[PDB]
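The chain that follows stands alone, in the form deposited in one PDB entry, written as structure tokens.
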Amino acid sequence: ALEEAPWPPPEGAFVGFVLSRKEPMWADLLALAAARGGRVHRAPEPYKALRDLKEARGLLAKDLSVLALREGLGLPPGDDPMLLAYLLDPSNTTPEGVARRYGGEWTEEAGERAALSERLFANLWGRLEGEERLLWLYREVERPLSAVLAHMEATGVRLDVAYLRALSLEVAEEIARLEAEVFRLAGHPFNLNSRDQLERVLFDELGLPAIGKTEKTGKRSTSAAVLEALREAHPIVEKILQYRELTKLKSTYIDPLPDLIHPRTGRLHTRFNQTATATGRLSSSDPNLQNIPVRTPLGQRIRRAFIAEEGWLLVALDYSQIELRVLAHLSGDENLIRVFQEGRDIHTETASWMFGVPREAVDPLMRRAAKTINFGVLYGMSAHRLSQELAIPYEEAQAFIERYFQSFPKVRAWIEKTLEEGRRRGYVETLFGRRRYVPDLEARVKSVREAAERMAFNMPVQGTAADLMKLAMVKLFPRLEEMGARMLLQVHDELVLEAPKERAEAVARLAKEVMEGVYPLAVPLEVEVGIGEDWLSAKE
């Protein structure tokens, strides 16, 4: 089809490119091509050829930009058909799916990926041209956001490696203590990491009562909720829970992270995936830095490993009760809006209620526990479920969920309106028009339909929170450039920045105001902001 022409391509060409591996910060650039005007240009030597580009324009453009930045080239990402397709329908998450759906095949040759990007973009641009609000999201949010994300990915975050190695040894010894005891109590050794072998010991050998079954294969479950409930039944249970906590943290964070330090940067480099969720949230992978531990004491020691560069500080910014505020705006509920206009704190109140203590008797772990309840109920957990969580009697767990929606009456009407409109149009949308298609709203099996309903009415809330954060990042990022600060991480409703010591305070201020004023709702948005040498200390 396309005519072969010598590198370099004309300006505005679409790029195709092949990596030795998926992570742009670790990949070798194996091949690079560009397509325009019925021509394909194949770069004789990919790395040198990178220099001739003014923009990365095509499928997965941000990945190439990150690699370009890694090599010291300011090559910003531009148009990316993935972003167009993701906006049309957030189930469009892979180039293979998007290719197949919108006019090509995702292959392993850079020239074909180049030609593909050009074709897909033409086709998707057509599909998105009529959709004014999706077009605004692309232009004002997703396209610029992709540039911000490239810089974040290429920058990475410093990690205290020596600290984590030493931590590992401490935790290994405690783990051996726990497994030794568990084996003594079981009467014999087994693979304590195997939930199948654990199930036999707990339920066949020790004769403990099985409480629940696993979803797919119907095994007797050994999950934390099951064990939690058997705490009093046998002393092996508590020891297992402790074993589970430590091994989770050692296997997921303490051991892998030090091995992932980039040799050029001396830092850790996540990937921020922009077309990965049903709701418009970002995701993070390879490594995932959006689930760094924070709840338990050992989790906090791990979070402490994320530190500022020498002479710099971390600045951590976290939206306050973000999705409950979004809900207030979307529902128009006067009581809920009133709560936020009065500067109240719903998690502290629930926490006060939960633990039965003064408003001023709530600490960061009571409050945190109060989050599960508020978001749990709002997004439709059943009274029975809440009984088990507290754990308080039914009807007491049922009375909380009734007084919860009686205090906030328009929330229900918004939920019912959203669902009705979802059945009719086949999708729900955020405040800015981001869509999620939810076809099962009309399923004839109740539990499928009702799962679909929960996904459907959650998406405008979670997704709008996500729109706001992305737009905040887009506005904030060029202000930071000017001040010499760096944006390092996004964690859904939180940003972590790195700033020179002497500028940290002005940077915290600036970021807080940009985030709070990103898009005035019927309620104020508030941001908690902390500064410190490590991530744990920067909160807040």
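Just count from 1 along the sequence shown to find any residue number.
From this point on, the text means the form deposited in another entry, which you will not see here.
Listed options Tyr379, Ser91, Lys501, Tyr519 include one hinge residue for the rigid-part rotation between this form and the one not shown, namely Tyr379. Annotation for the pair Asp333/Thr350: C-alpha atoms approach each other in the other form, by 3 Å or more compared with this form. If you compare C-alpha positions, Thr348 and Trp535 are 3 angstroms or more farther apart in the other form than in the form on display.
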